[PDB]
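Next comes just one chain, in structure tokens: the form deposited in one PDB entry.
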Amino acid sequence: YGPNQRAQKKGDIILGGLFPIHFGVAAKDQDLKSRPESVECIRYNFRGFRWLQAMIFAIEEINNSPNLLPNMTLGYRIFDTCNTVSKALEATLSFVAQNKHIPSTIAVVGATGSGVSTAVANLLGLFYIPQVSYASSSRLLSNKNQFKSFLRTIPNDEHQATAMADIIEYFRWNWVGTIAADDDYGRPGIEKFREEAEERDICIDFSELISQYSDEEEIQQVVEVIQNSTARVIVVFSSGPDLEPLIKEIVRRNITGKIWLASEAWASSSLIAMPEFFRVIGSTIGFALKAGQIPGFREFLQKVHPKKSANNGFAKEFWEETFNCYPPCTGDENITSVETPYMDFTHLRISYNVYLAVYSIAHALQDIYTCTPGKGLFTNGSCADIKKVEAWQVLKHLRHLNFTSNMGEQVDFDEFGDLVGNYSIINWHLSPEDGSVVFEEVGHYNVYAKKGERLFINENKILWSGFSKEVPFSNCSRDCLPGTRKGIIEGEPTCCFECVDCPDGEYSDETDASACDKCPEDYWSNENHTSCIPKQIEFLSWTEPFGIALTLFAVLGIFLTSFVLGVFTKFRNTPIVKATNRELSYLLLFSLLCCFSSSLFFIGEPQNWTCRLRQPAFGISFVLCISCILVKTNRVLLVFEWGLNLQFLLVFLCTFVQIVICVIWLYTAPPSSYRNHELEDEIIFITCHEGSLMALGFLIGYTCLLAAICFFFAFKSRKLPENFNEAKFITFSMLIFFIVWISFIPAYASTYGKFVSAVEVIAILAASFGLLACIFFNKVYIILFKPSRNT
């Protein structure tokens, strides 16, 4: 006969009912020293009584409506579960009694716990009795090979975990921790969330299991792992009662920084949503089912009375727990005078599910009632009769039930027995009028939209941590700027890293970089390694300051030479001084002008033209000059041997020799004007590799031997003072030439491109200048100052 505290009402058809009027049982572990007696449940739950009242109201409204099942009445045998499996199981045993004078229940609306409903459906489905639950939302109840006769008016919990992952990815967090009740409601949900979050590149720090029967040390361990971690977001998948101990311990230890992502079961629970817990838990964003509309329901709630309820048996205990009677009292108080979750509501969510379940079973019964004897759902097109209806026929009609909810909706269960709905997203607020926690809706989750466009959050209503209004930071490691790269911290997950600076020559312009990048050769990483500033190029320039000095020196040399040439041109036909060789004079002067001009080739970038011309350019020009001044010496060879052609002919041997060398590189290995940087790695010199070294040596040596013979012959006879004994002058000249080159070799041996070229040009320009000077200074002086030209 089941328990004695129950709600009961007769009728042709009887429906079952399991509601959590209490919260749990008295935890007195029977040591079995005596016969174990029936355990007792302890706490009270006004929400559960609201649900039971909703079911009773639905049945009464069905019995009152004249169209749905006329000339037939609905009865019920509603029991209490106290949220435990033992009570539900004894109740269901009282249900299926007559199967194998007692009424035979045809349908069961209840089992609000996914652990409770599992154990109930295991037993009901053995007799094929339809069980229409309203609040059990575990996914395991979708295995229609196990629970053959289980339907539910509440959506499955897959979309809830998906929505949790979507919310976490929307605020751009990647470091969270998960808590789930060690039950059939938290385990599968947390596993689904784990996979959905790992596929979205989200890292999970810790994962713990709790329960209302967990001892104190395990709660200590959980609080420790919560405190010892850096994750700010905590995804809780549990119900009110199985969460209350952890909340009490967290309030006692005063952990304040975290953010709670509430699941639907406890996001609106009065056990948790109280101010003293609110000050500590801070910000909670949770889900909620869609509201309902049961017109005329409040006026039914306001009529509950202990004496006017013979059918209802829990009304007495309700009166007691709400007024503390039997301190005996009157029984004529007002339910509106005290504030309890009973009528302190604005949106009916689970009560609407109970209403809908009762109405769906009534509609299946009507469907069986309005049959046509030819188009039935059973074998041979036959159909069943409502006077001897059995449970399996009602199950058959429920599987194919498809009707219209008074809100103008379509109600029809899937092939997995469940419905589907679109969640509201609420965020906990503190009412400035009362102090109580009030749930304000801030977002929506439509599950029909395509994957990726389902969530809609209105961020300006979310109140963060009570005061501030910017999204808190809950990443593992700080995201560091461009110029740096991620660096593995071994042991830690893929979301936690250090970041190391990029070396020079590599850059990174992106945030969250995986590696730095080498830029092309003529580019180089800048001072912040964020962008390769185009590199600089090494060579002498014309606007260059020291290049300016050099070029002005060259111009002055040419000016002096040409002006002296013109001054001669005054006396150019007064052989008074031209007792020397006129043509040799002009030739030497022009050779010097051109050698000077050669410096044109050392002030800018070398194209093959520039380099391979300039170098041999000096060669020929200076060699001409030297040979000319040399032949300027006494005619000893002429004395030893058809016009003076000889003199010209003489020079026009030596010259060719070196012109010879030029042509060789013209077709063997001409110098290469190319870019070189390997010795600087930051700036690219533009140098000119010698075409054939030893052949340059040969050239220079030939020239120096010509100069050396000139030197020897000018000195050895340097003491024959003819017209101021220019032997000595030219000797001193050739020696200056020697010394300059000598001393300047080192620099050429120990320097890069730029100053190498600069020193080379200085050397040449100045040496030729000195030659010209040493040869003319005296003569010009005398023929400008002492016009004593008779001998």
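Think of the rigid core as the biggest set of C-alphas that the two forms share within 1.5 Å after superposition. Don't overthink the numbering: it's just position in the shown sequence, from 1.
**Q** What does the record say about the segment between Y326 and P327: how many deposited residues are without coordinates (none, 1 to 3, 4 to 9, 10 or more)?
**A** Count of unmodelled residues in between: 10 or more.
**Q** Might you work out how many residues are unmodelled in the deposited sequence between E641 and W642, and answer none, 1 to 3, 4 to 9, or 10 or more?
**A** Per the record, 10 or more deposited residues are absent between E641 and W642.
Omitted here: the form deposited in another entry. The next part is about that form.
**Q** With the two forms fitted on the rigid core, I'd like to know which residue in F171, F127, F590, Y369 is displaced by 2 angstroms or more at its CA between the shown form and the other one.
**A** So the residue whose C-alpha moves 2 Å or more is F590.
**Q** Using a rigid core alignment, state whether the CA of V233 is displaced by 2 Å or more between the shown form and the other one.
**A** No, its C-alpha moves less than 2 Å.
**Q** Taking the rigid core as the reference frame, tell me whether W741 has a CA displacement of 2 angstroms or more between the shown form and the other one.
**A** Where the cores coincide, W741 still shows a C-alpha shift between the shown form and the other one that is 2 Å or more.
**Q** With both forms fit on the core, has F206 moved 2 Å or more by CA between the shown form and the other one?
**A** No, the C-alpha position differs by under 2 Å between the shown form and the other one.
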